[PDB]
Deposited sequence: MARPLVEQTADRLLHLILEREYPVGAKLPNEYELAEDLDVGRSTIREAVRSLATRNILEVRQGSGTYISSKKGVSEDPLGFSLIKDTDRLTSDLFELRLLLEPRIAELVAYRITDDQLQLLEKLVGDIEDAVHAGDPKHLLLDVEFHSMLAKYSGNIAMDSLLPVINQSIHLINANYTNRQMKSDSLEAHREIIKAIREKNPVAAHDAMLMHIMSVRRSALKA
């Protein structure tokens, strides 16, 4: 019943298209719109908060969470003791997924999206050349941006989780050159070349670990 009401509550939230950060109607109103008890709606809201869909803000209200249903370590990788094995396993995933991502980006990216990719690529070069350790996080954002522009929704959700785990667990000249080759292939709308450039980058980065 609680899980069922949580489902309908989720369905109500999607139908009304509440943006991120929006305050929900109070629980008296929700319980009436769903024809359930007040205790039932209280538990259903708490179920959706546990799933990071809602944020119960004590003293204010209950809001659409910016987490959009995804926790910090959503696949439970913090419970893996053998982090060397996990790193190798995650690179195996990246080898299987990221070349297709690069191929899809070459195929569908628009000029304004490409402009933003190239700025990030330059920012990475700038930070790398300055010995600025934030380049490691910019590198993650570059791959996440490629996943977004691939147009595969599941890739967009998944690749940040994979690459963030590798980053938390854990040549610079070669990565800069690889990024330039990937951008060049995408700029020339060449999907096979983008695929191969990305494939050779991941294999090189993996070998460095």
remark   = Compared with the full deposited sequence, the modelled chain skips 1 to 4, 175 to 181, 221 to 223
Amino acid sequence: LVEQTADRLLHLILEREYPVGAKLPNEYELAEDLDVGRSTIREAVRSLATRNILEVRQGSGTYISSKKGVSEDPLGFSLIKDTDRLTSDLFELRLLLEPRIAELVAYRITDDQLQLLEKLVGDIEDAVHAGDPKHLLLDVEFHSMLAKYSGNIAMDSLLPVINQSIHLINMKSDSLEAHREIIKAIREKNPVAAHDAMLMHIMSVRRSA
From here on, numbers count along this sequence of modelled residues.
Which of 77 to 85 and 116 to 124 has higher mean CA B factor, as the PDB entry lists it = 116 to 124
query = Comparing 56 to 64 with 29 to 37, which stretch shows the greater average C-alpha B-factor in the deposited entry?
reply = 29 to 37
ask   = Looking at 145, 168, 182, 159, which has the highest Cα B-factor in the entry?
value = 168
query = Which third, lowest, middle or highest, does the CA B-factor of residue 23 fall in along this chain?
reply = lowest
note = residue 176: CA B-factor among chain residues, third -> highest
inquiry  = For the chain shown, is the CA B-factor of residue 134 in the lowest, middle or highest third of its modelled residues?
reply    = highest
query = Where does residue 201 sit by CA temperature factor within its chain: lowest, middle or highest third?
reply = middle
query = For residue 11, does the deposited CA B-factor place it in the lowest, middle or highest third of the chain?
reply = highest
